[PDB]
Amino acid sequence: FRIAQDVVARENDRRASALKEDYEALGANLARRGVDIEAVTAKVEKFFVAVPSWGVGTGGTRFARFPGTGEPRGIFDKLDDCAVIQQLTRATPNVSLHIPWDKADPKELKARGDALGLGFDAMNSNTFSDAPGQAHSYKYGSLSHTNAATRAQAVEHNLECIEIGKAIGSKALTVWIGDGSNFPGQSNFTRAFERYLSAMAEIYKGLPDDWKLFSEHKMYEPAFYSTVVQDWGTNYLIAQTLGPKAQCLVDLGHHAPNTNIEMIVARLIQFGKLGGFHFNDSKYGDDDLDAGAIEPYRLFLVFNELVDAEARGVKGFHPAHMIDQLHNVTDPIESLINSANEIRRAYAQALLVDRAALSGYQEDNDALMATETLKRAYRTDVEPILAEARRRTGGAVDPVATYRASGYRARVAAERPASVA
Amino acid sequence: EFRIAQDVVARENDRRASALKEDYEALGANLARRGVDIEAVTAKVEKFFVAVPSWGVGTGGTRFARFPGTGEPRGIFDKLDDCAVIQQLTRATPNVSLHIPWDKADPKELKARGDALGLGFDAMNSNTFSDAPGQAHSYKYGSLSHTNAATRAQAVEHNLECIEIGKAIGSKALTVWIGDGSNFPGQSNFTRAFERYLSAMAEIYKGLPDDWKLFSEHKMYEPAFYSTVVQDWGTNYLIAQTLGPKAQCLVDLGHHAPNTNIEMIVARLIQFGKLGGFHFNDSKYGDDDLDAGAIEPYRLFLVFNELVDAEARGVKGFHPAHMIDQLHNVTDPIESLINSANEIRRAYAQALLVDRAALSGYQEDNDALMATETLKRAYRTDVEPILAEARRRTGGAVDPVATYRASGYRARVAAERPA
Amino acid sequence: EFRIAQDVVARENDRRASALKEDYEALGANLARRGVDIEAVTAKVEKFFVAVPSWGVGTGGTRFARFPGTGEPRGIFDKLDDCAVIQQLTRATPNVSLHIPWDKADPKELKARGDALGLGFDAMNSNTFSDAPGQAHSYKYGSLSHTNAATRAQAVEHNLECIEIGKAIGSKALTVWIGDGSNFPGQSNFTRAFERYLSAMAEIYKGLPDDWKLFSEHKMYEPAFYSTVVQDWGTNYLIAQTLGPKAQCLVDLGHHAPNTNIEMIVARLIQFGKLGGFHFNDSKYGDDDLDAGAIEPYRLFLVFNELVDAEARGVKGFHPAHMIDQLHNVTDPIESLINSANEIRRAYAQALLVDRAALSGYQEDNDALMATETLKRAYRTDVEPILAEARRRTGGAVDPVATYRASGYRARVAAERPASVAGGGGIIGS
Amino acid sequence: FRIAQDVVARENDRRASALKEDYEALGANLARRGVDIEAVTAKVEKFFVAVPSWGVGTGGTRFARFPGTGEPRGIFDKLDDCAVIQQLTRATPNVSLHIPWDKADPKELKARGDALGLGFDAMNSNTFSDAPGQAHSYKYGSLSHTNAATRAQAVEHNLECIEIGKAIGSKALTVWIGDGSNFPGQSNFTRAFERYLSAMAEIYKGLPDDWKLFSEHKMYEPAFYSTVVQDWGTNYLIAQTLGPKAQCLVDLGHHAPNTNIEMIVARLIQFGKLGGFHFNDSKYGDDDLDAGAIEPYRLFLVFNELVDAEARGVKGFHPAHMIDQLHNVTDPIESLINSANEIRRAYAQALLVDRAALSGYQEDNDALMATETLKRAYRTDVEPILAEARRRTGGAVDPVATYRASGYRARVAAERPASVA
Ligand SMILES: O=C(CO)[C@H](O)[C@H](O)[C@H](O)CO
Ligand SMILES: O=C(CO)[C@H](O)[C@H](O)[C@H](O)CO
Ligand SMILES: O=C(CO)[C@H](O)[C@H](O)[C@H](O)CO
Ligand SMILES: O=C(CO)[C@H](O)[C@H](O)[C@H](O)CO
Ligand SMILES: [Mn+2]
Ligand SMILES: [Mn+2]
Ligand SMILES: [Mn+2]
Ligand SMILES: [Mn+2]
Ligand SMILES: [Mn+2]
Ligand SMILES: [Mn+2]
Ligand SMILES: [Mn+2]
Ligand SMILES: [Mn+2]
């Protein structure tokens, strides 16, 4: 137990009365609306989202990085920190690894995970930066580099990520590369994409029977003129071309200004290529901010599409849910805690939508009542449901408050040496 | 008079009275636990008013098509009758915003009708972005900033006429939004055009009553697709400052570049005393003029957070004009305006719930996470019980759209008005 | 038939012949030093054509207002007469794109008129984004994707009639752009709406002649302000791919999200054989429908660079349809279309000047700077002498707009046609 | 001479003939247009733009940095490379320094600049990153930080930049900070701006009589929710509030999508607050790409406003011009060379605009002819004028070609140790 149980007990007890009052009030209100709050809570306590190992330490921008105290010095410290998020929220049992950042002996990783009560989500490869001892630089590309030897090196790296993942329990590989160009003419758009397609086809061949291969699109950055996998259209072409095991991963902050992201989600589901999500919030570019901190409604609208998918009986639809954020000005553990909470919040509200009524308003083109039907769910304060879900599963009624009360940060600050060079 | 029968209102309120009582009491207990007196919030909410646009009462259209519904208002008088319904049911829209010459009519009559319906009039709106039949000079290439002196004079004269109409009905401000700009590089000399605009606005200001305000409204684009004279809040500030103390800037939410932090523009204008008022609506792409809060309700809340903070900081003489500027292309105009008015009160109400003392502490300590969570605790609060009770206590409807539909008002005016 | 007097064209050409000779010869010597035969370029340029929109010769407007100029064309016939002028002077717009029902008229008369004027017809354009007189079902909530079956059937039938009119006049394709979508979250079920659209398009597809094509045109927003069924090239690809071989995607330059790399979309559509054609225009904010290349000339060149690269390395009967889709609210429609057509040929000619061998080398080399400079060397080249000489050799004018004004054509049609009146644009009702 | 004169002479002679033909042809064409090419060339020779010291080294993104060979380490190495750009283009006589990146003994800096034939443009302060031993972190801001001591430290830093600048010949200080927030509520917009204005007032008082203080606005990054100096409106408020010596600096890539930047330029000029420019190109955000490599017409349109401003004889108009770019996939020296070249290209074309004709078409609302008047100048290939101006002032006809012919890159690569090589 990273967090003392007596502390979780104390803080939960301190807030029990208020929770009881709020939950019961919400329960009665929902009952009057024909909704069984217990049914919603039962589903909420089972919604899980993977935590990114690279989001447990303080992030930075191209301008600067401002680390806080007790920064994890490696993957093992990071797993320890992830154990806190899971213990308090009970919504993040799995961790997303990034190779070579989290490169370590597979058995050790697995041993630490089991010891902490954590599993492992999709593996993430890294061919957007050079590691020591590389025969080829990824400066001008990786899987789509004009140099065949460079593409071969990148492929091998991805295959290695699969080997690591199989050893620890992962069942998928997410591939995001920075490949693209910063000047018109630098790249032949089509040849670059063909090179990429050939490389991914090879990686596809090393995929176990029950594995998935996710390609993640991104409009720009690091490439500032064109990117090979720039949007969901190119992404669909990739998934369709590679095969059944290949699907598309949607990272919320990777779209052009004003893009209707929830529609992209609906389109990918309709064609069975919605592999998973990378949750975060943003206002300008790929800001990688705490989920829902900027546009909570958009997050709800995305979950509205996910729940509608179930409502329509979409077969074998099991998207992977993951947080992909950077925390530059907050305690990473606290931001990941509240971000996971926000995601469960959007999910819970999505479950409250009266889709029978909505179905009717859409059929009769009653736009005003249709939008009001969604709003009736989104406006509902489901915090009591999230808190009760946590209480029932061993978590904290108020996770960040309990986190601060434990003094975990000061503790790890004393155990961990700050990076000097 | 009462456009909506009172027995209907009473009936539809009693039908929901029990549920409301339960929700209001529960929220009240929750707010008490948070150190807030729900009664004090309701009191302020029932006092928050936003003006309804005359041009949003009838069905709107795009450059591609217009799909009118039944019972479309024939003119300003029908529109006032319909505005009376919005006010009767929401009790949040006692004033109507007129647009000339769309609403041209005998001022005395308009006032007589407003008085009979229990409606007042907000800022007048001039129109020199379109030509009227028998117009001597066309605004095709501009109006207040047109290169032709006679055309600028005509635009100025039209604005003065708007003021004369406003004085006859009780309006105390004039809002100036023009399409002036260019669609091609080189078409206009940016500086010269702005110089002409400033000179013309100077003449309008000269004719502005001393108990009136002059609001200029910036817009990034449309109808001008390359450059626009009053393109953003920066130019807008230069205008207000140049004209004088009676001139201020009006912020229309959908008139900003993609990803613009609009609440910051609001805060900046308040700091320098030039925030005249708002034109509320929502959008996702351009100046969509959609129902307020229907797309990004948190943004609306964040704008009101700046307004409330201004009061909390102790800003004096700050009374921004609140107006809705929307077009309803695929819904019953009355229903959209009803819920839009409600949404604005919703954001305002939530803004009132913000624990300013706690927020101040987190800001000073650079506790970004708790600062933002402090705003979220207010925003996440479902204040519908408060909005509904305020309505019920002031003669409105617990659920206005439901009551509106139960009344059969639309079918009624549909029979009274030509198809 | 010459809408513009031949002596006027001759006069205006002779007056600028001396200067053109000097510029053409200097550019010829420069290209020669660069290993390029100016005649080869001029020969290709003279053969590049782009269709003119019938709805473009009339003055356009916005939702706020419309400001018609003098001599506004009454109907399709007046518009065809005006299009004949653009073609006579630029020699780059022999085909006109029709829009139904705006230009509905006896096919035999249209066909007869086009021939007399030396004009053909490009793709037909259906209109189910507006209601017409006596229409049984309104398109307020959609057309091909409307929830009401009878409404979708009515829209399908309209499109089939467009195919019928086109078959009679010599058209070989149908372009389908609709406003279908929603203004509020929840109003539409994205998937169901798209399924209905696909099923409706399938019925229209069944009505296509063997040598016809069906072009679906995506647009991010407007008239729908929250979601649009055919919102981008991704959904557009799914459509074309689903319908069949005769279905392809049409790209309108101003229909993309801010900062989108449009030339890449073109390449992707080419790679997968679904590049149906283009709707050329320029913009800075949204679907501004401004004169092509008047705002971002380089972007137009880069789009043509992809086309020429494909045109170079011979591609699958690669013959995308080129059309101009613009609205002119502050200029003489005829003059803007003239210069817009010219700009399109300018970008094309410049793309022709790119040293493909050199470019390929720099790309394989990862020599970004030289690769981009290779494009710039072609783009920086002032090809106006080629464009002018191409027009002069084919019966056109050296300076089209100059000749147009010298002819007094506008004053002439102004006297023959009823005067127009300015007014609103539909933002509100009567 | 960083580049052997014999090399410059040989590469000039090699291209002298073609240059003569093109220059004469252009001279004849311009003559027919009532313009004397000699006059344009004379003006172009005198147009200068400052080269960034941080632009000669390879740039990178938050994802990775891919250094090239012969990466300059320290300001002395950087100055040596800047000298090559000036020698070959003759358009970058002055260098922009950034403190503390380029910290060194002022006397020694001046001596080096003099020896290399380089002057110094505006100084640049840095309170958007923490330096070793720093007493107060800038994690939550600097000049607008809530902590008084932190703001004072930031002020002191800027004052030191002024001291260094005065010793080396600089006459201005550019202030760009990352100050802002990543979360709504994190900052009180008004108070933060009040703190900034008060701090800037202190810096303003340390300004010599002949110095200027430039504030640089930016929409976002590093702050992803709000930025204190977010746009030109706030920037104007700052300059007007501070006084006559304070003006606004415009960095092309710092604006919202679709913003009409040339209008902002015109507005600042009209009110005497156009302090200077930070030239670069972009497509998505603050990409910092080579000037004009993405949107050359926009660059021309900006210069059209500058040339018009002089034509009108506006007073208080005397902006500084600087390049602020990052080169992640090209030889930094070649990019700066061609970027300085594009800037002169835009200036040259703006010089060709027939102002009289333009004025007439504007007054008569002939939009088509007015825009065509701009195009006639922009469509003109002024490369002959740029090449001749260089040839006449000791530069290279084709700078990048000569640079490559000289073998300079391999030279410094052999003198400088790479991290790994
Ligand atoms: O979103 C991403 C890049 O913008 C990818 O998912 C990365 O692998 C992840 O963010 C780690 O940098
Ligand atoms: O927002 C506006 C134009 O976009 C102005 O306020 C108008 O006067 C109003 O919308 C009426 O069209
Ligand atoms: O681009 C279009 C709508 O924005 C379609 O092509 C239309 O059919 C055309 O523009 C006519 O409005
Ligand atoms: O533009 C800037 C930051 O984006 C400032 O000018 C910086 O000081 C410069 O780029 C150095 O990073
Ligand atoms: Mn991601
Ligand atoms: Mn990302
Ligand atoms: Mn408005
Ligand atoms: Mn508007
Ligand atoms: Mn189109
Ligand atoms: Mn369009
Ligand atoms: Mn800068
Ligand atoms: Mn920058």
# chains A, B, ... in the order shown; residues from 1 in each chain; ligands from 1
>>> residues_near_ligand(ligand="ligand 1", cutoff="10 Å", atoms="only C-alpha atoms and all ligand atoms", output="ChimeraX atom specification")
/A:52-55,59,97-99,123-128,174-178,215-222,249-254,277-280,285-288,322-326 /D:62-63
>>> interface_residues(of="chain C", to="chain D", cutoff="7 Å", atoms="only C-alpha atoms", output="number ranges by chain")
C: 26, 258-259, 284-285, 296, 298, 331, 368-369, 380-382
>>> residues_near_ligand(ligand="ligand 8", cutoff="10 Å", atoms="only C-alpha atoms and all ligand atoms", output="list in words")
residues 177, 217, 218, 219, 220, 221, 222, 223, 251, 252, 253, 254, 255, 256, 279, 280, 281, 286, 287, 288, 289, 325, 326 and 327 of chain B; 64 of chain C
>>> select_by_dssp(residues="region 24-199 of chain C", states="helix (DSSP H, G or I)", output="ChimeraX atom specification")
/C:24-33,38-45,54-56,76-90,107-117,149-169,190-199
>>> select_by_dssp(residues="region 203-376 of chain C", states="strand (DSSP E or B)", output="ChimeraX atom specification")
/C:213-217,227-228,247-252,275-280,282,290,321-324
>>> write_last_selection(atoms="C-alpha atoms", output="PDB file, in the first residue's frame")
ATOM      1  CA  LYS C 213     -18.804   9.827 -62.859  1.00  0.00           C
ATOM      2  CA  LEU C 214     -20.377  10.748 -59.524  1.00  0.00           C
ATOM      3  CA  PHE C 215     -18.477  13.357 -57.526  1.00  0.00           C
ATOM      4  CA  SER C 216     -19.209  13.801 -53.828  1.00  0.00           C
ATOM      5  CA  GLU C 217     -17.973  17.091 -52.381  1.00  0.00           C
ATOM      6  CA  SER C 227     -21.665  18.500 -37.826  1.00  0.00           C
ATOM      7  CA  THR C 228     -21.907  17.734 -41.531  1.00  0.00           C
ATOM      8  CA  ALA C 247     -17.635   7.426 -57.681  1.00  0.00           C
ATOM      9  CA  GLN C 248     -14.806   9.824 -56.844  1.00  0.00           C
ATOM     10  CA  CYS C 249     -14.036  12.698 -54.501  1.00  0.00           C
ATOM     11  CA  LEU C 250     -14.242  16.375 -55.450  1.00  0.00           C
ATOM     12  CA  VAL C 251     -11.989  18.815 -53.600  1.00  0.00           C
ATOM     13  CA  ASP C 252     -13.109  22.402 -53.099  1.00  0.00           C
ATOM     14  CA  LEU C 275      -9.395  12.238 -57.117  1.00  0.00           C
ATOM     15  CA  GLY C 276     -12.495  13.181 -59.085  1.00  0.00           C
ATOM     16  CA  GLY C 277     -11.766  16.850 -59.595  1.00  0.00           C
ATOM     17  CA  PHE C 278     -11.461  20.320 -58.129  1.00  0.00           C
ATOM     18  CA  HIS C 279     -13.510  23.361 -57.221  1.00  0.00           C
ATOM     19  CA  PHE C 280     -10.945  26.170 -57.400  1.00  0.00           C
ATOM     20  CA  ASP C 282      -9.161  31.056 -52.624  1.00  0.00           C
ATOM     21  CA  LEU C 290     -12.598  34.266 -53.492  1.00  0.00           C
ATOM     22  CA  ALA C 321     -12.043  17.517 -63.641  1.00  0.00           C
ATOM     23  CA  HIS C 322     -11.034  21.141 -63.105  1.00  0.00           C
ATOM     24  CA  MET C 323     -13.735  23.631 -62.221  1.00  0.00           C
ATOM     25  CA  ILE C 324     -13.870  27.071 -60.686  1.00  0.00           C
TER      26      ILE C 324
END
>>> interface_residues(of="chain A", to="chain D", cutoff="6 Å", atoms="only C-alpha atoms", output="list in words")
residues 61, 62, 64, 66, 129 and 139 of chain A
>>> interface_residues(of="chain B", to="chain A", cutoff="7 Å", atoms="only C-alpha atoms", output="number ranges by chain")
B: 26, 258-259, 284-285, 296, 298, 331, 368-369, 380-382
>>> write_last_selection(atoms="N, CA, C and O atoms", output="PDB file, in the first residue's frame")
ATOM      1  N   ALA B  26     -32.699  19.845  -1.894  1.00  0.00           N
ATOM      2  CA  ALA B  26     -31.475  19.057  -1.893  1.00  0.00           C
ATOM      3  C   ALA B  26     -30.285  19.955  -2.233  1.00  0.00           C
ATOM      4  O   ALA B  26     -29.248  19.907  -1.570  1.00  0.00           O
ATOM      5  N   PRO B 258     -10.062  31.341 -34.505  1.00  0.00           N
ATOM      6  CA  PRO B 258     -10.085  30.019 -33.883  1.00  0.00           C
ATOM      7  C   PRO B 258      -9.162  29.943 -32.664  1.00  0.00           C
ATOM      8  O   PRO B 258      -8.043  30.462 -32.690  1.00  0.00           O
ATOM      9  N   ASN B 259      -9.649  29.308 -31.599  1.00  0.00           N
ATOM     10  CA  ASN B 259      -8.890  29.114 -30.362  1.00  0.00           C
ATOM     11  C   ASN B 259      -8.619  30.354 -29.520  1.00  0.00           C
ATOM     12  O   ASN B 259      -7.896  30.284 -28.532  1.00  0.00           O
ATOM     13  N   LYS B 284     -18.927  26.801 -33.278  1.00  0.00           N
ATOM     14  CA  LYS B 284     -17.905  25.773 -33.335  1.00  0.00           C
ATOM     15  C   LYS B 284     -16.937  26.065 -34.476  1.00  0.00           C
ATOM     16  O   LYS B 284     -15.753  25.753 -34.378  1.00  0.00           O
ATOM     17  N   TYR B 285     -17.434  26.697 -35.537  1.00  0.00           N
ATOM     18  CA  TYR B 285     -16.613  26.974 -36.716  1.00  0.00           C
ATOM     19  C   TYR B 285     -16.318  28.447 -36.997  1.00  0.00           C
ATOM     20  O   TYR B 285     -15.160  28.864 -37.006  1.00  0.00           O
ATOM     21  N   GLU B 296     -20.237  24.979 -26.304  1.00  0.00           N
ATOM     22  CA  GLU B 296     -19.187  25.036 -25.286  1.00  0.00           C
ATOM     23  C   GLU B 296     -19.710  25.759 -24.055  1.00  0.00           C
ATOM     24  O   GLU B 296     -19.444  26.945 -23.854  1.00  0.00           O
ATOM     25  N   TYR B 298     -18.786  25.484 -20.979  1.00  0.00           N
ATOM     26  CA  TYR B 298     -17.766  25.874 -20.005  1.00  0.00           C
ATOM     27  C   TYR B 298     -17.195  27.246 -20.343  1.00  0.00           C
ATOM     28  O   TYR B 298     -16.900  28.035 -19.448  1.00  0.00           O
ATOM     29  N   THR B 331     -34.853  25.418 -35.595  1.00  0.00           N
ATOM     30  CA  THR B 331     -35.647  25.222 -34.388  1.00  0.00           C
ATOM     31  C   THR B 331     -36.698  26.316 -34.294  1.00  0.00           C
ATOM     32  O   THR B 331     -36.683  27.279 -35.067  1.00  0.00           O
ATOM     33  N   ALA B 368      -2.153  25.510  -9.153  1.00  0.00           N
ATOM     34  CA  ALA B 368      -2.962  25.466 -10.372  1.00  0.00           C
ATOM     35  C   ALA B 368      -4.100  24.448 -10.348  1.00  0.00           C
ATOM     36  O   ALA B 368      -5.227  24.751 -10.756  1.00  0.00           O
ATOM     37  N   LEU B 369      -3.812  23.242  -9.866  1.00  0.00           N
ATOM     38  CA  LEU B 369      -4.819  22.189  -9.818  1.00  0.00           C
ATOM     39  C   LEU B 369      -6.013  22.513  -8.925  1.00  0.00           C
ATOM     40  O   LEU B 369      -7.161  22.290  -9.321  1.00  0.00           O
ATOM     41  N   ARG B 380     -19.669  22.531 -12.036  1.00  0.00           N
ATOM     42  CA  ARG B 380     -20.292  21.205 -12.019  1.00  0.00           C
ATOM     43  C   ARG B 380     -21.620  21.186 -11.289  1.00  0.00           C
ATOM     44  O   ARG B 380     -22.405  20.249 -11.435  1.00  0.00           O
ATOM     45  N   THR B 381     -21.877  22.226 -10.505  1.00  0.00           N
ATOM     46  CA  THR B 381     -23.119  22.296  -9.753  1.00  0.00           C
ATOM     47  C   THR B 381     -24.300  22.504 -10.692  1.00  0.00           C
ATOM     48  O   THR B 381     -24.301  23.439 -11.494  1.00  0.00           O
ATOM     49  N   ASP B 382     -25.293  21.621 -10.592  1.00  0.00           N
ATOM     50  CA  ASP B 382     -26.495  21.697 -11.414  1.00  0.00           C
ATOM     51  C   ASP B 382     -27.410  22.728 -10.765  1.00  0.00           C
ATOM     52  O   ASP B 382     -28.095  22.426  -9.795  1.00  0.00           O
TER      53      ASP B 382
END
